[PDB]
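Enquirer: This is the structure I have questions about; it appears just below.
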Amino acid sequence: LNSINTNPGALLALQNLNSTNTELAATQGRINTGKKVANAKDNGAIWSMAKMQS
Amino acid sequence: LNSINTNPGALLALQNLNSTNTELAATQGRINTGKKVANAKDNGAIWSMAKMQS
Amino acid sequence: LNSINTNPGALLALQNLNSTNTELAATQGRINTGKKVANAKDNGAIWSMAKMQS
Amino acid sequence: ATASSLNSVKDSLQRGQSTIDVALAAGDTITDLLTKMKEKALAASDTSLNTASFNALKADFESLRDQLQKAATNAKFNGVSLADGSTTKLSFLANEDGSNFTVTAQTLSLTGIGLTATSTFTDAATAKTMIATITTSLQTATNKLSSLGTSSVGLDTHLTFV
Amino acid sequence: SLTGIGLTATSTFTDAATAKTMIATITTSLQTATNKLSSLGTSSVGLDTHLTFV
Amino acid sequence: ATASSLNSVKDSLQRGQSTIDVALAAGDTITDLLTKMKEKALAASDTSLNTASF
Amino acid sequence: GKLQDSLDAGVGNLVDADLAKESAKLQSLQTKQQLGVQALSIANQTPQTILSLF
Amino acid sequence: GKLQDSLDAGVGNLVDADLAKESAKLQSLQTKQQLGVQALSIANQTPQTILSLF
């Protein structure tokens, strides 16, 4: 409530900021590679289908 | 009214300050999440609506 | 007059800002569509009469 | 003594808010995995796929199912949990005389959302049925997280009242 | 490794009659390799999700 | 309380606007398909056509 | 595609914050927090004057 | 030749993302991380108000 050793609200704000940062990182990768599923991590079956089709 | 052991008015000011603190915390969380229904703790029904439609 | 809880002027400016935003959105729609009656929402009498003449 | 005893009630209420926060933190992952499994079943339902793409979607579906079971079993806060179904209910302090603040557990394990540990589709018709199966499971999961969030809100309001 | 995808270090074709079978052999090897890579990517995504939850 | 109740009203009006929007987004397809069907029936109204084109 | 765009617009209308209102609410809530802190600092001093009586 | 063209087009439809949507998603995510950093910087300061009480 009134804590000096810890501030939970700042931690929640950090979780929100980290989520926005991961979203912007995925957007940067999607922009620069030109692909929504550039690698197997993005989606396994879809990437395997794209690779076998290629 | 006269008192060294306790002062009710300081307790009332503390309650109002804690209410203002909870208000500012919910507000900054609404700003940094980009949403007014960030989770089920905000309101469960509308959030289940948003999650199902999403 | 002075109050920390409510300032009417911010609300009024926000309403004028929403109004200019809505007019700007309608203008961008008229530009990207190239038509003054892009859809039934814009103007139904001209819309239906034009769809039938076309 | 009646005033001094309320610190334990406050501690129990905020401990309950913490455990429901852990349950919601796991339920986010459970919902995302349910959405991915719904997309996998809905993609496998198409007949146009060859056997290889169908087997790949089946493998990702089983993998996300196991990940959902792991995220469900990992959701606990100092040995107690509202998501794994280990106990029907938790009773938090609310008064000087110790009357409970009930917070019924809402199971989020695969068996608690209707899926089995070995649930999977084997052909396009089974995948088409699995679309509705995963949809109903996602619906009951969102209802359970909403009930947990309402209970956490009641915990917070009762903490302010205490 | 070659042994794990059904190939061997001695794998080759002595004539076109064997190259026609090597076609399907390399196809099956590519299939199992893409499947194993998709499984590795799914495992990495699961590790990232459990990392965020932790 | 009457002011706080209005958020549900605004949410319902937004949901109704979204429903009307999806309805018109379909209705454009119904109108274009109806135009194609009128063109097809009008082309088939000719007596000069052979059985195959009809 | 229009369906998915409409569902995204609807979920956003259900969730997206009135951020322009949130800026004013933030600017007011920080002032209210500072006023509450100063009011508590004044409330703490009220019973301390008793020592002046002795 | 036509079959290889259709196969590359199908691979593109299966893996390539549309870009115009990320063209706005990028700027929105930049504004969103900026608002999140501002909200976190505001959240860091709330505990420190207690020093004024002492």
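Following the order of the structure tokens, first chain is A, next is B, and so on, with residues numbered from 1 inside each chain and ligands from 1 in the order they appear.
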Least-squares align chain H to chain G using all Cα atoms paired by position, then dump the moved coordinates as a PDB file with N, CA and C atoms, in the first residue's frame.
Expert:
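See result.pdb below for the written result:
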```pdb
ATOM      1  N   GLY H   1     -11.962 -10.254 -45.624  1.00  0.00           N
ATOM      2  CA  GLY H   1     -11.050  -9.198 -45.215  1.00  0.00           C
ATOM      3  C   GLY H   1     -11.780  -8.033 -44.578  1.00  0.00           C
ATOM      4  N   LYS H   2     -12.880  -7.601 -45.205  1.00  0.00           N
ATOM      5  CA  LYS H   2     -13.679  -6.542 -44.593  1.00  0.00           C
ATOM      6  C   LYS H   2     -14.268  -6.980 -43.256  1.00  0.00           C
ATOM      7  N   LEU H   3     -14.641  -8.256 -43.127  1.00  0.00           N
ATOM      8  CA  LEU H   3     -15.220  -8.728 -41.873  1.00  0.00           C
ATOM      9  C   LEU H   3     -14.177  -8.747 -40.762  1.00  0.00           C
ATOM     10  N   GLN H   4     -12.950  -9.174 -41.070  1.00  0.00           N
ATOM     11  CA  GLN H   4     -11.903  -9.134 -40.055  1.00  0.00           C
ATOM     12  C   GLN H   4     -11.579  -7.701 -39.659  1.00  0.00           C
ATOM     13  N   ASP H   5     -11.621  -6.772 -40.620  1.00  0.00           N
ATOM     14  CA  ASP H   5     -11.386  -5.375 -40.268  1.00  0.00           C
ATOM     15  C   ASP H   5     -12.485  -4.852 -39.353  1.00  0.00           C
ATOM     16  N   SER H   6     -13.740  -5.194 -39.654  1.00  0.00           N
ATOM     17  CA  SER H   6     -14.844  -4.766 -38.804  1.00  0.00           C
ATOM     18  C   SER H   6     -14.748  -5.396 -37.422  1.00  0.00           C
ATOM     19  N   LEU H   7     -14.258  -6.634 -37.345  1.00  0.00           N
ATOM     20  CA  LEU H   7     -14.132  -7.291 -36.049  1.00  0.00           C
ATOM     21  C   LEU H   7     -13.047  -6.644 -35.201  1.00  0.00           C
ATOM     22  N   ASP H   8     -11.902  -6.315 -35.801  1.00  0.00           N
ATOM     23  CA  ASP H   8     -10.862  -5.629 -35.039  1.00  0.00           C
ATOM     24  C   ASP H   8     -11.304  -4.226 -34.634  1.00  0.00           C
ATOM     25  N   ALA H   9     -12.070  -3.550 -35.497  1.00  0.00           N
ATOM     26  CA  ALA H   9     -12.598  -2.245 -35.114  1.00  0.00           C
ATOM     27  C   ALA H   9     -13.597  -2.361 -33.972  1.00  0.00           C
ATOM     28  N   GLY H  10     -14.410  -3.418 -33.968  1.00  0.00           N
ATOM     29  CA  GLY H  10     -15.342  -3.609 -32.872  1.00  0.00           C
ATOM     30  C   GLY H  10     -14.640  -3.963 -31.579  1.00  0.00           C
ATOM     31  N   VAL H  11     -13.571  -4.758 -31.663  1.00  0.00           N
ATOM     32  CA  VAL H  11     -12.786  -5.045 -30.468  1.00  0.00           C
ATOM     33  C   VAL H  11     -12.168  -3.765 -29.928  1.00  0.00           C
ATOM     34  N   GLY H  12     -11.713  -2.883 -30.820  1.00  0.00           N
ATOM     35  CA  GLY H  12     -11.129  -1.636 -30.357  1.00  0.00           C
ATOM     36  C   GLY H  12     -12.154  -0.730 -29.703  1.00  0.00           C
ATOM     37  N   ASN H  13     -13.353  -0.659 -30.283  1.00  0.00           N
ATOM     38  CA  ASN H  13     -14.406   0.126 -29.653  1.00  0.00           C
ATOM     39  C   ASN H  13     -14.849  -0.486 -28.333  1.00  0.00           C
ATOM     40  N   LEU H  14     -14.686  -1.799 -28.176  1.00  0.00           N
ATOM     41  CA  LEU H  14     -15.167  -2.448 -26.964  1.00  0.00           C
ATOM     42  C   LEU H  14     -14.137  -2.427 -25.836  1.00  0.00           C
ATOM     43  N   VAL H  15     -12.835  -2.404 -26.143  1.00  0.00           N
ATOM     44  CA  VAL H  15     -11.806  -2.449 -25.114  1.00  0.00           C
ATOM     45  C   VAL H  15     -10.976  -1.171 -25.065  1.00  0.00           C
ATOM     46  N   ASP H  16     -10.588  -0.619 -26.216  1.00  0.00           N
ATOM     47  CA  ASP H  16      -9.727   0.559 -26.207  1.00  0.00           C
ATOM     48  C   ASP H  16     -10.438   1.756 -25.591  1.00  0.00           C
ATOM     49  N   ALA H  17      -9.737   2.450 -24.701  1.00  0.00           N
ATOM     50  CA  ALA H  17     -10.247   3.692 -24.144  1.00  0.00           C
ATOM     51  C   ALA H  17      -9.868   4.868 -25.036  1.00  0.00           C
ATOM     52  N   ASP H  18     -10.701   5.904 -25.015  1.00  0.00           N
ATOM     53  CA  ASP H  18     -10.276   7.184 -25.563  1.00  0.00           C
ATOM     54  C   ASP H  18      -9.164   7.746 -24.686  1.00  0.00           C
ATOM     55  N   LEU H  19      -8.250   8.500 -25.292  1.00  0.00           N
ATOM     56  CA  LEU H  19      -7.024   8.891 -24.606  1.00  0.00           C
ATOM     57  C   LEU H  19      -6.976  10.361 -24.207  1.00  0.00           C
ATOM     58  N   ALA H  20      -7.644  11.245 -24.950  1.00  0.00           N
ATOM     59  CA  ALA H  20      -7.511  12.675 -24.691  1.00  0.00           C
ATOM     60  C   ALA H  20      -8.060  13.043 -23.318  1.00  0.00           C
ATOM     61  N   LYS H  21      -9.033  12.276 -22.820  1.00  0.00           N
ATOM     62  CA  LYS H  21      -9.595  12.565 -21.505  1.00  0.00           C
ATOM     63  C   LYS H  21      -8.628  12.197 -20.387  1.00  0.00           C
ATOM     64  N   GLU H  22      -7.968  11.042 -20.494  1.00  0.00           N
ATOM     65  CA  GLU H  22      -6.916  10.714 -19.540  1.00  0.00           C
ATOM     66  C   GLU H  22      -5.721  11.641 -19.687  1.00  0.00           C
ATOM     67  N   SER H  23      -5.551  12.265 -20.856  1.00  0.00           N
ATOM     68  CA  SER H  23      -4.458  13.219 -21.010  1.00  0.00           C
ATOM     69  C   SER H  23      -4.590  14.384 -20.037  1.00  0.00           C
ATOM     70  N   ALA H  24      -5.822  14.758 -19.682  1.00  0.00           N
ATOM     71  CA  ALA H  24      -6.029  15.772 -18.653  1.00  0.00           C
ATOM     72  C   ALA H  24      -6.232  15.145 -17.279  1.00  0.00           C
ATOM     73  N   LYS H  25      -6.823  13.944 -17.239  1.00  0.00           N
ATOM     74  CA  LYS H  25      -7.028  13.260 -15.968  1.00  0.00           C
ATOM     75  C   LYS H  25      -5.710  12.974 -15.268  1.00  0.00           C
ATOM     76  N   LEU H  26      -4.651  12.717 -16.034  1.00  0.00           N
ATOM     77  CA  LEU H  26      -3.354  12.423 -15.440  1.00  0.00           C
ATOM     78  C   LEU H  26      -2.799  13.639 -14.711  1.00  0.00           C
ATOM     79  N   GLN H  27      -2.804  14.799 -15.372  1.00  0.00           N
ATOM     80  CA  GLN H  27      -2.294  16.010 -14.738  1.00  0.00           C
ATOM     81  C   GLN H  27      -3.161  16.420 -13.555  1.00  0.00           C
ATOM     82  N   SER H  28      -4.481  16.234 -13.668  1.00  0.00           N
ATOM     83  CA  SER H  28      -5.343  16.582 -12.547  1.00  0.00           C
ATOM     84  C   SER H  28      -5.088  15.664 -11.359  1.00  0.00           C
ATOM     85  N   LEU H  29      -4.858  14.374 -11.616  1.00  0.00           N
ATOM     86  CA  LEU H  29      -4.535  13.447 -10.540  1.00  0.00           C
ATOM     87  C   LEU H  29      -3.158  13.707  -9.940  1.00  0.00           C
ATOM     88  N   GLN H  30      -2.201  14.197 -10.732  1.00  0.00           N
ATOM     89  CA  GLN H  30      -0.913  14.585 -10.160  1.00  0.00           C
ATOM     90  C   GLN H  30      -1.077  15.770  -9.216  1.00  0.00           C
ATOM     91  N   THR H  31      -1.799  16.799  -9.665  1.00  0.00           N
ATOM     92  CA  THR H  31      -2.075  17.922  -8.777  1.00  0.00           C
ATOM     93  C   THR H  31      -2.866  17.470  -7.555  1.00  0.00           C
ATOM     94  N   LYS H  32      -3.733  16.469  -7.720  1.00  0.00           N
ATOM     95  CA  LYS H  32      -4.575  16.035  -6.615  1.00  0.00           C
ATOM     96  C   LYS H  32      -3.774  15.262  -5.574  1.00  0.00           C
ATOM     97  N   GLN H  33      -2.861  14.383  -6.005  1.00  0.00           N
ATOM     98  CA  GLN H  33      -2.016  13.719  -5.017  1.00  0.00           C
ATOM     99  C   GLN H  33      -1.080  14.712  -4.348  1.00  0.00           C
ATOM    100  N   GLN H  34      -0.645  15.753  -5.069  1.00  0.00           N
ATOM    101  CA  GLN H  34       0.205  16.745  -4.414  1.00  0.00           C
ATOM    102  C   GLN H  34      -0.562  17.505  -3.338  1.00  0.00           C
ATOM    103  N   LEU H  35      -1.795  17.919  -3.642  1.00  0.00           N
ATOM    104  CA  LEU H  35      -2.606  18.583  -2.628  1.00  0.00           C
ATOM    105  C   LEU H  35      -2.938  17.640  -1.478  1.00  0.00           C
ATOM    106  N   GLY H  36      -3.109  16.347  -1.765  1.00  0.00           N
ATOM    107  CA  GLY H  36      -3.405  15.409  -0.694  1.00  0.00           C
ATOM    108  C   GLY H  36      -2.217  15.163   0.214  1.00  0.00           C
ATOM    109  N   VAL H  37      -1.014  15.117  -0.361  1.00  0.00           N
ATOM    110  CA  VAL H  37       0.188  14.978   0.452  1.00  0.00           C
ATOM    111  C   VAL H  37       0.400  16.224   1.299  1.00  0.00           C
ATOM    112  N   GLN H  38       0.110  17.400   0.736  1.00  0.00           N
ATOM    113  CA  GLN H  38       0.230  18.621   1.525  1.00  0.00           C
ATOM    114  C   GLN H  38      -0.782  18.642   2.665  1.00  0.00           C
ATOM    115  N   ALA H  39      -2.021  18.227   2.388  1.00  0.00           N
ATOM    116  CA  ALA H  39      -3.040  18.210   3.431  1.00  0.00           C
ATOM    117  C   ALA H  39      -2.708  17.193   4.515  1.00  0.00           C
ATOM    118  N   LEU H  40      -2.111  16.061   4.137  1.00  0.00           N
ATOM    119  CA  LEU H  40      -1.737  15.073   5.142  1.00  0.00           C
ATOM    120  C   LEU H  40      -0.568  15.570   5.984  1.00  0.00           C
ATOM    121  N   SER H  41       0.392  16.260   5.362  1.00  0.00           N
ATOM    122  CA  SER H  41       1.496  16.827   6.128  1.00  0.00           C
ATOM    123  C   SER H  41       1.001  17.901   7.088  1.00  0.00           C
ATOM    124  N   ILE H  42      -0.040  18.637   6.694  1.00  0.00           N
ATOM    125  CA  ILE H  42      -0.633  19.612   7.603  1.00  0.00           C
ATOM    126  C   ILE H  42      -1.376  18.908   8.733  1.00  0.00           C
ATOM    127  N   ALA H  43      -2.086  17.822   8.411  1.00  0.00           N
ATOM    128  CA  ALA H  43      -2.853  17.093   9.415  1.00  0.00           C
ATOM    129  C   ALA H  43      -1.957  16.414  10.442  1.00  0.00           C
ATOM    130  N   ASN H  44      -0.742  16.028  10.046  1.00  0.00           N
ATOM    131  CA  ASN H  44       0.158  15.377  10.992  1.00  0.00           C
ATOM    132  C   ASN H  44       0.558  16.319  12.121  1.00  0.00           C
ATOM    133  N   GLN H  45       0.579  17.626  11.853  1.00  0.00           N
ATOM    134  CA  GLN H  45       1.132  18.592  12.795  1.00  0.00           C
ATOM    135  C   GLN H  45       0.145  19.073  13.854  1.00  0.00           C
ATOM    136  N   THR H  46      -1.162  18.896  13.647  1.00  0.00           N
ATOM    137  CA  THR H  46      -2.138  19.440  14.593  1.00  0.00           C
ATOM    138  C   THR H  46      -1.970  18.910  16.017  1.00  0.00           C
ATOM    139  N   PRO H  47      -1.760  17.607  16.262  1.00  0.00           N
ATOM    140  CA  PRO H  47      -1.573  17.165  17.655  1.00  0.00           C
ATOM    141  C   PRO H  47      -0.398  17.820  18.356  1.00  0.00           C
ATOM    142  N   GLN H  48       0.654  18.171  17.614  1.00  0.00           N
ATOM    143  CA  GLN H  48       1.910  18.575  18.230  1.00  0.00           C
ATOM    144  C   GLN H  48       1.824  19.946  18.889  1.00  0.00           C
ATOM    145  N   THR H  49       0.773  20.715  18.602  1.00  0.00           N
ATOM    146  CA  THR H  49       0.611  22.029  19.213  1.00  0.00           C
ATOM    147  C   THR H  49       0.444  21.947  20.723  1.00  0.00           C
ATOM    148  N   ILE H  50       0.035  20.788  21.246  1.00  0.00           N
ATOM    149  CA  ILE H  50      -0.199  20.639  22.681  1.00  0.00           C
ATOM    150  C   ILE H  50       1.086  20.846  23.468  1.00  0.00           C
ATOM    151  N   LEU H  51       2.242  20.574  22.855  1.00  0.00           N
ATOM    152  CA  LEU H  51       3.505  20.713  23.574  1.00  0.00           C
ATOM    153  C   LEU H  51       3.745  22.148  24.022  1.00  0.00           C
ATOM    154  N   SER H  52       3.233  23.125  23.269  1.00  0.00           N
ATOM    155  CA  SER H  52       3.394  24.520  23.663  1.00  0.00           C
ATOM    156  C   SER H  52       2.667  24.821  24.966  1.00  0.00           C
ATOM    157  N   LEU H  53       1.569  24.111  25.239  1.00  0.00           N
ATOM    158  CA  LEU H  53       0.844  24.303  26.489  1.00  0.00           C
ATOM    159  C   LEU H  53       1.644  23.848  27.702  1.00  0.00           C
ATOM    160  N   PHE H  54       2.579  22.921  27.524  1.00  0.00           N
ATOM    161  CA  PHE H  54       3.384  22.430  28.632  1.00  0.00           C
ATOM    162  C   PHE H  54       4.750  23.101  28.644  1.00  0.00           C
TER     163      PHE H  54
END
```
Enquirer: So that I can see what lies close to residue 144 in chain D, please list as a list in words the residues with an atom at most 8 Å from it, counting only C-alpha atoms and leaving out residues fewer than 6 positions away in the same chain.
Expert: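 In the requested format, the answer is residues 106, 107 and 108 of chain D.
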Enquirer: Please report as CSV every residue of chain D lying within 12 Å of chain A, along with the nearest atom pair and their distance in Å (one decimal), using only C-alpha atoms.
Expert:
```
residue,atom,partner,partner_atom,distance
D:10,CA,A:1,CA,11.0
D:11,CA,A:1,CA,11.4
D:14,CA,A:1,CA,10.1
D:18,CA,A:8,CA,11.3
D:21,CA,A:12,CA,11.5
D:25,CA,A:15,CA,11.4
D:36,CA,A:43,CA,9.7
D:37,CA,A:43,CA,11.8
D:39,CA,A:43,CA,11.1
D:40,CA,A:45,CA,8.8
D:41,CA,A:45,CA,11.8
D:43,CA,A:46,CA,10.0
D:44,CA,A:45,CA,10.3
D:49,CA,A:49,CA,9.9
D:50,CA,A:49,CA,10.0
D:51,CA,A:49,CA,11.2
D:52,CA,A:49,CA,8.3
D:53,CA,A:49,CA,6.2
D:54,CA,A:45,CA,8.5
D:55,CA,A:45,CA,8.6
D:56,CA,A:45,CA,5.0
D:57,CA,A:45,CA,5.4
D:58,CA,A:45,CA,8.8
D:59,CA,A:45,CA,8.2
D:60,CA,A:45,CA,6.8
D:61,CA,A:45,CA,9.7
D:63,CA,A:44,CA,10.6
D:64,CA,A:44,CA,11.2
D:156,CA,A:1,CA,11.5
D:159,CA,A:1,CA,10.8
D:160,CA,A:1,CA,10.6
```
Enquirer: Can you work out which residues from chain E touch chain D at a cut-off of 10 Å (counting only C-alpha atoms) and hand them back as JSON, numbers by chain?
Expert: {"E": [31, 32, 34, 35, 38, 39, 42, 43, 45, 46, 47, 49, 50, 52, 53, 54]}
Enquirer: When the cut-off is 8 Å and we count only C-alpha atoms, which residues of chain B are near chain A, given as a list in words?
Expert: residues 18, 25, 29, 32 and 33 of chain B
Enquirer: Using N, CA, C and O atoms, can you export the residues from the last selection as a PDB file, in the first residue's frame?
Expert:
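Dumped everything to again.pdb:
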```pdb
ATOM      1  N   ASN B  18      -4.734   7.740  -0.079  1.00  0.00           N
ATOM      2  CA  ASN B  18      -4.662   6.401  -0.653  1.00  0.00           C
ATOM      3  C   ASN B  18      -5.695   6.209  -1.753  1.00  0.00           C
ATOM      4  O   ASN B  18      -5.424   5.517  -2.744  1.00  0.00           O
ATOM      5  N   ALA B  25      -3.058   5.346  -9.988  1.00  0.00           N
ATOM      6  CA  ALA B  25      -2.486   4.085 -10.449  1.00  0.00           C
ATOM      7  C   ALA B  25      -3.342   3.463 -11.543  1.00  0.00           C
ATOM      8  O   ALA B  25      -2.821   3.038 -12.582  1.00  0.00           O
ATOM      9  N   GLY B  29      -2.157   3.093 -15.466  1.00  0.00           N
ATOM     10  CA  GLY B  29      -2.259   1.791 -16.100  1.00  0.00           C
ATOM     11  C   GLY B  29      -3.126   1.822 -17.343  1.00  0.00           C
ATOM     12  O   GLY B  29      -2.815   1.173 -18.344  1.00  0.00           O
ATOM     13  N   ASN B  32      -0.837   3.384 -20.074  1.00  0.00           N
ATOM     14  CA  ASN B  32       0.241   2.575 -20.627  1.00  0.00           C
ATOM     15  C   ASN B  32      -0.234   1.255 -21.226  1.00  0.00           C
ATOM     16  O   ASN B  32       0.540   0.615 -21.945  1.00  0.00           O
ATOM     17  N   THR B  33      -1.473   0.827 -20.963  1.00  0.00           N
ATOM     18  CA  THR B  33      -1.972  -0.360 -21.646  1.00  0.00           C
ATOM     19  C   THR B  33      -2.732  -0.038 -22.926  1.00  0.00           C
ATOM     20  O   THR B  33      -2.909  -0.931 -23.763  1.00  0.00           O
TER      21      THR B  33
END
```
Enquirer: Determine which residues of chain D DSSP labels as strand (DSSP E) from the backbone of this structure, then write them out as a list in words.
Expert: residues 89, 90, 91, 92, 93, 100, 101, 102, 103 and 104 of chain D
Enquirer: Write out as a tab-separated table the residues of chain C that have any atom within 9 Å of an atom of chain G, one row each with the nearest atom pair and its distance in Å to one decimal, counting only C-alpha atoms, sorted by chain and then rising number.
Expert:
```
residue	atom	partner	partner_atom	distance
C:4	CA	G:28	CA	5.8
C:5	CA	G:28	CA	6.7
C:6	CA	G:28	CA	7.9
C:7	CA	G:24	CA	8.6
C:10	CA	G:24	CA	7.0
C:11	CA	G:21	CA	7.6
C:14	CA	G:20	CA	7.0
```
Enquirer: Could you write out that same residue set with N, CA, C and O atoms as a compact mmCIF listing (two decimals), in the first residue's frame?
Expert:
```
# COMPACT_ATOMS: atom_id res chain seq x y z
N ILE C 4 -9.73 20.89 -8.90
CA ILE C 4 -8.83 19.82 -9.32
C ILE C 4 -9.59 18.60 -9.83
O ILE C 4 -8.98 17.72 -10.45
N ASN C 5 -10.90 18.53 -9.59
CA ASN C 5 -11.65 17.34 -9.99
C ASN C 5 -12.15 17.43 -11.43
O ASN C 5 -12.10 16.44 -12.16
N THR C 6 -12.62 18.60 -11.85
CA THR C 6 -13.22 18.74 -13.18
C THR C 6 -12.85 20.09 -13.76
O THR C 6 -13.00 21.12 -13.10
N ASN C 7 -12.36 20.09 -15.00
CA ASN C 7 -12.19 21.30 -15.79
C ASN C 7 -13.00 21.27 -17.09
O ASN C 7 -12.65 20.54 -18.03
N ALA C 10 -11.26 21.56 -20.86
CA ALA C 10 -10.61 20.42 -21.48
C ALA C 10 -11.63 19.53 -22.19
O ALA C 10 -11.39 19.06 -23.31
N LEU C 11 -12.80 19.34 -21.57
CA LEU C 11 -13.84 18.55 -22.21
C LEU C 11 -14.34 19.22 -23.47
O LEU C 11 -14.53 18.56 -24.50
N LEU C 14 -11.84 18.88 -26.19
CA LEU C 14 -11.81 17.51 -26.66
C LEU C 14 -13.01 17.21 -27.57
O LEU C 14 -12.88 16.44 -28.52
```
Enquirer: Select residues of chain C: the criterion is any atom within 10 Å of an atom of chain F, counting only C-alpha atoms; output as a list in words.
Expert: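 Residues of chain C within 10 Å of chain F, counting only C-alpha atoms: residues 39, 40, 41, 51, 52 and 54 of chain C.
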Enquirer: Taking only C-alpha atoms into account, which of D:143, D:95, D:136, D:111 comes nearest residue 158 in chain D?
Expert: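 The answer is D:95, which sits nearest to residue 158 in chain D.
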Enquirer: List the spatial neighbours of residue 25 in chain E as a list in words - criterion: any atom at most 10 Å away, only C-alpha atoms, same-chain residues fewer than 6 positions off excluded.
Expert: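 The contact residues come out as residues 5, 6, 7, 19 and 31 of chain E.
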